[PDB]
Amino acid sequence: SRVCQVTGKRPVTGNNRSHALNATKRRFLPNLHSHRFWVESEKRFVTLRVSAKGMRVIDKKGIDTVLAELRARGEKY
Amino acid sequence: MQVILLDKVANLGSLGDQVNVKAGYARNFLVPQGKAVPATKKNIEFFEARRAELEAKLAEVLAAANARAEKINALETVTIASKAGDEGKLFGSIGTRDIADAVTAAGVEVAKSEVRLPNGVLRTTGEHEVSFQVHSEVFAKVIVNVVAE
Amino acid sequence: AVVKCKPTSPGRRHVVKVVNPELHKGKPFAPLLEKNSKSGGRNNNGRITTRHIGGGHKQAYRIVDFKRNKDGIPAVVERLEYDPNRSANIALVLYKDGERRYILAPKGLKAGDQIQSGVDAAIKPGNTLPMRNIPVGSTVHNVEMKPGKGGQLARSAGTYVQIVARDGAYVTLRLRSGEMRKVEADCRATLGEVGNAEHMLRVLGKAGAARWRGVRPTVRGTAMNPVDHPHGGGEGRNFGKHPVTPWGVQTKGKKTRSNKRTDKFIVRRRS
RNA sequence: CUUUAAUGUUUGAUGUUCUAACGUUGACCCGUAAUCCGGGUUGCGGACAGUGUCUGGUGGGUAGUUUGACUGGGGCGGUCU
RNA sequence: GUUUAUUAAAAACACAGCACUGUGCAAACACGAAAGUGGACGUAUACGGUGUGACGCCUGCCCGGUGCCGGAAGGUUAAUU
RNA sequence: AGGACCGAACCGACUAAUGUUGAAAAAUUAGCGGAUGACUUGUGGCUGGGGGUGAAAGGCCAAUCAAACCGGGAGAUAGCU
Ligand SMILES: [Mg+2]
Ligand code: NA
């Protein structure tokens with residue numbers, strides 16, 4: 001499913017509102033990308049399905065902390 | 001993205017400098033190789049102690065060919081050789097990269113890689129370059145004094 | 001040859017059959033056969049995704065070797081055979097090591113003739129080797145679009161490709177449609193024009209002849225009701241609109257290519 | 001302070017090159033006596049393609065509806081303050 | 001040959017033939033939030049769409065309008081800033 | 001040889017009479033078309049309702065079809081009887 005493994009962002013339902021204020025249901029999808037992160041603690045490439053915001057979170061925190069959170073949450077990566 | 005350079009980079013800095021590098025460059029090239037590492041405060045507070053080992057030992061043993069992408073083309077190396085080949089068009093032959101070399105035996109020692117394996121190509125109508133290669137057809141086809149010298 | 005059947009009945013009045021006597025009037029080679037089942041135009045959801053498909057004679061699939069990756073071993077063509085799965089006749093060929101394979105039949109190939117694969121192959125029809133090693137300006141068939149995949153260009157009955165130019169890693173090909181395309185010079189390709197070129201001249205002569213091949217009848221959009229097609233109803237014969245597909249897209253001129261990934265290999269679209 | 005030359009230098013742009021993101025419904029190895037999937041090596045593409053948000057155009061393909069009243073039936077014509 | 005099972009079997013549908021048009025293969029197109037599948041284990045002598053409807057003689061003139069296609073000096077024009 | 005001819009089985013359904021609280025919610029009798037093919041038929045499987053399937057009649061999808069049936073929103077609404 002379209003879920004960011006770092007942040008948990010899912011598709012979220014909302015409205016397309018016309019100029020006549022016609023409300024038709026729609027989905028906002030996240031900006032998911034499958035990325036191979038070079039983990040140094042294991043000398044490996046770990047593939048994760050991550051949003052761009054999650055990638056910024058990885059850049060800030062460090063991949064080690066993010067993976068620690070993921071494995072504390074479960075999330076077989 | 002602010003990063004501290006563990007080694008020399010072409011147009012960013014040399015041997016320790018908080019450089020504002022684009023996130024894609026840092027994420028995909030500098031950190032996957034041994035060139036830089038992001039400065040999250042604690043990292044520089046460890047770098048200020050690591051510099052004793054880094055700036056001398058690692059600097060002496062390896063300070064060029066950080067990713068063998070541009071330093072191989074700029075700093076010409078492994079020019080001297082003995083193996084010629086077939087007629088002047090290297091194709092699938094690793095040749096010699098370590099033996100019969102003098103400059104690449106002291107401190108900093110750049111390196112090279114292999115070429116395209118034989119599946120469609122052969123000893124005519126093209127050539128290869130003795131250096132690191134990702135492309136094998138559109139890559140530069142400059143003579144390296146190994147294809148026929 | 002082409003034979004016009006005499007008009008003993010309406011249905012044999014107009015049929016013209018392509019009769020070739022050198023074909024093999026026996027069974028195919030059993031090891032190189034596999035089951036293939038008809039689909040009726042239905043995908044795995046069970047829905048007709050391509051209309052006008054269903055029925056026809058039962059057919060066994062022949063494993064025809066398009067890669068031609070056995071290099072340096074000459075082969076002799078034992079027989080020419082009828083392939084129900086394509087417009088071209090095939091050739092059962094025996095290698096010097098004792099292995100038997102199927103190939104497409106070039107225009108002039110006949111039983112007893114020799115063939116070979118690889119860089120050190122003579123330029124005569126049936127031989128297969130890279131465009132790199134093939135001279136420019138020549139006629140070629142069964143052509144790869146990237147190395148090692150297996151040829152998939154100029155395969156139908158009398159088609160061929162014309163090697164127009166060579167520039168670096170890429171060779172330029174004129175395809176049978178008139179399109180000009182770049183292709184890597186490492187790509188293999190077979191010499192000569194693939195044969196059975198009189199395949200066009202056959203006329204089915206009756207509806208059942210098209211039913212034998214798996215083609216179900218086509219119903220015009222104008223013959224339908226508005227709920228079924230955009231061309232829909234009207235009292236009597238009425239069109240009053242631009243021609244379109246059943247899904248509303250405009251046929252009669254609108255271009256549908258949208259790739260942006262292979263455009264760099266297209267030198268000149270077909271006229 | 002008026003004006004005017006250059007670059008380390010910040011983003012704007014055209015172009016060409018490159019590889020390390022990303023694609024591969026190319027080849028070979030392994031999980032594995034497996035046309036899936038994954039990992040790996042190599043080639044070919046390559047910051048293009050493609051996806052997320054936002055945006056202009058198109059859009060009976062689909063949907064929801066509106067299309068008045070008077071009236072010697074109704075409609076057509078006329079009318080309506 | 002097919003067709004309104006149960007008031008219409010036909011001049012209606014289909015049809016061999018023909019023309020236009022799209023499609024270079026991960027094809028176009030279709031079923032599918034997607035993965036994938038059909039097309040097709042096919043490759044332009046192929047595949048889809050559309051129209052006409054054996055065969056014979058043929059198929060004249062018009063690109064002003066709508067559509068599609070191609071190209072462009074210029075005008076106006078969104079998000080963003 | 002033949003989507004050739006006459007004609008049983010088999011598949012159909014052009015005309016007439018009967019019947020229409022029928023023997024039968026579509027049949028009987030007498031005639032009638034095809035009858036080696038685009039035929040017919042048994043067993044099993046697949047396509048599901050804004051969907052399927054359709055040699056196209058808005059045909060067929062369990063005696064129901066210009067949007068099946070069952071249950072629910074639901075005691076919809078009814079300026080009308
Ligand atoms: Mg069709
Ligand atoms: Na119509």
Side-chain angles (χ1 to χ4, degrees), chain A residues 2 11 22 27-33 35-36 51-52, chain B residues 24-25 27-29 32-33 67 69-70 116-117 119-120 134-140, chain C residues 5 8-15 34 36 39 41-53 55 61 85-88 145-149 152-159 175-177 179 181 184 186 196-200 203-212 216-225 227-228 230-231 239 242-257 259-262 264-266 270:
Chain A
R2 309 185 162 101
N22 296 125
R27 305 179 93 206
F28 301 80
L29 309 179
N31 199 5
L32 283 79
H33 296 295
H35 208 84
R36 299 153 49 251
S51 73
Chain B
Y25 195 31
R27 193 161 29 251
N28 308 325
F29 199 56
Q33 274 93 47
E70 286 178 347
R116 173 166 183 169
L117 298 169
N119 46 26
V134 185
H135 291 153
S136 302
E137 282 296 341
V138 302
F139 195 71
Chain C
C5 300
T8 309
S9 63
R12 294 284 289 203
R13 163 88 63 193
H14 299 291
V15 66
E34 291 181 356
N36 78 340
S39 86
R42 276 88 165 160
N43 71 334
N44 60 23
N45 295 317
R47 302 263 188 101
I48 293 189
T49 50
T50 317
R51 284 145 47 211
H52 313 143
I53 293 164
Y61 183 72
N85 309 282
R86 69 195 75 254
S87 48
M145 302 190 309
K146 68 166 73 93
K149 187 191 284 288
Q152 48 180 270
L153 252 176
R155 289 203 205 171
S156 183
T159 63
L175 310 191
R176 194 53 171 65
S177 55
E179 194 204 50
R181 195 212 172 78
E184 290 169 45
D186 284 23
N196 196 27
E198 65 183 1
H199 172 91
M200 65 183 73
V203 306
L204 299 174
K206 59 171 194 177
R211 300 309 310 282
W212 300 336
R216 303 202 66 243
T218 289
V219 180
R220 287 137 50 230
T222 54
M224 309 196 192
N225 289 311
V227 65
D228 291 331
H231 296 172
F239 208 74
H242 295 113
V244 292
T245 59
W247 298 276
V249 184
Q250 193 260 328
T251 56
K252 300 294 187 291
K254 189 175 208 303
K255 294 181 176 67
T256 55
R257 193 189 205 278
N259 207 325
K260 295 219 275 206
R261 183 191 101 257
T262 70
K264 64 193 80 173
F265 302 106
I266 313 287
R270 50 177 218 281

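Only heavy atoms go into these numbers, but all of them, side chains included; no hydrogens, no water, no symmetry mates. Below, chains carry the letters A, B, ... as their sequence lines are ordered, and counting in each starts from 1.
- Under 4.0 angstrom from either OP1 or OP2 of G54(F) there lies at least one side-chain N or O belonging to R216(C).
- Looking at heavy-atom distances under 4.0 Å, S9(C) makes contact with sugar-phosphate atoms alone, never a base.
- Side-chain nitrogen and oxygen atoms of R27(B) include none within less than 4.0 Å of the OP1 or OP2 phosphate oxygen of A20(D).
- To the nearest whole angstrom, the two P atoms, one in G48(E) and one in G54(F), are 15 Å apart.
- Nucleotide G59(D) is shown with an anti base, its glycosidic torsion being more than 90° from 0.
- Comparing the same atom, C1', in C10(F) and in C39(F) gives a spacing of 10 Å after rounding to whole Å.
- The bases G75(E) and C58(E) are not paired as Watson-Crick or G-U wobble with both atom distances under 3.5 Å.
- By the salt bridge (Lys or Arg N to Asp or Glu O under 4.0 Å) test, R13(C) pairs with no residue at all, sequence neighbours left out.
- Every residue two or more places apart in sequence or in another chain was checked for a salt bridge (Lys or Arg N to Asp or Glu O under 4.0 Å) with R12(C), and none qualifies.
- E70(B) comes within 4.0 angstrom of nothing in the nucleic acid, heavy atoms only.
- For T245(C) and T251(C), the side-chain atoms include no donor-acceptor pair closer than 3.5 Å.
- Base pairing annotation: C47(E) forms a Watson-Crick or G-U wobble pair with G22(E), both donor-acceptor distances under 3.5 Å.
- If you check every strand for non-hydrogen atoms under 4.0 Å, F28(A) touches sugar and phosphate atoms only.
- Against the 90° criterion about 0, the sugar-base torsion of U4(E) places it in the syn range.
- Within the nucleic acid shown, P32(B) has no heavy atom closer than 4.0 Å to any nucleic acid atom.
- In this structure, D186(C) reaches neither bases nor backbone, as no heavy-atom distance under 4.0 Å exists between it and the strands shown.
- Of all nucleotides in RNA chain E, those with any atom nearer than 4.0 Å to a heavy atom of chain C start and finish, going 5' to 3', at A12(E) to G70(E).
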**Message:** Let me check I have this right: for RNA chain D, each base becomes ., (, ), [, ] or |, based on Watson-Crick or G-U pairs with both distances under 3.5 Å. What is the full string?
**Reply:** .....................(((.((((((.....)))))))))......................(.(.......).).
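- In terms of the salt bridge (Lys or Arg N to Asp or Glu O under 4.0 Å) criterion, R176(C) has no residue partners (sequence neighbours excluded).
- Among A38(F), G50(D), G52(D), the nucleotide with an atom closest to any side-chain atom of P217(C) is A38(F).
- Nucleotides of RNA chain E nearest to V203(C) and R270(C) differ in position, and the one nearer the 5' end is that of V203(C).
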N/O contacts under 3.5 Å, protein versus nucleotides 8-19 of chain D?
from   : atom 1 : to      : atom 2 : distance (Å)
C18(D) : OP1    : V138(B) : O      : 2.9
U19(D) : OP2    : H135(B) : ND1    : 2.6

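- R36(A) has a side-chain polar atom (N or O) that falls below the 4.0 Å cut-off from OP1 or OP2 of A21(D).
- Taking atom P on both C44(D) and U17(D), the two are 15 Å apart, rounded to the nearest angstrom.
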**Prompt:** So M145(C) and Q152(C), side chain to side chain contact (heavy atoms under 4.5 Å, CB included) or not? Walk me through it.
**Reply:** CA-CA 7 Å; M145(C) 302 190 309; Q152(C) 48 180 270; 3.4 Å; yes
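- Glycosidic conformation of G67(E): anti, with the torsion beyond 90° of 0.
- Using P as the reference atom, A35(E) and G42(E) are 25 Å apart when rounded to the nearest Å.
- With the rule of ring centres under 5.5 Å apart and planes tilted under 30°, the neighbouring bases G37(F) and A38(F) are not scored as stacked.
- An anti orientation is assigned to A17(F), its glycosidic angle lying beyond 90° of 0.
- To the nearest 0.5 Å, atom CG of residue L175(C) and atom CD1 of residue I266(C) are 8.0 Å apart.
- Using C1' as the reference atom, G33(F) and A13(F) are 8 Å apart when rounded to the nearest Å.
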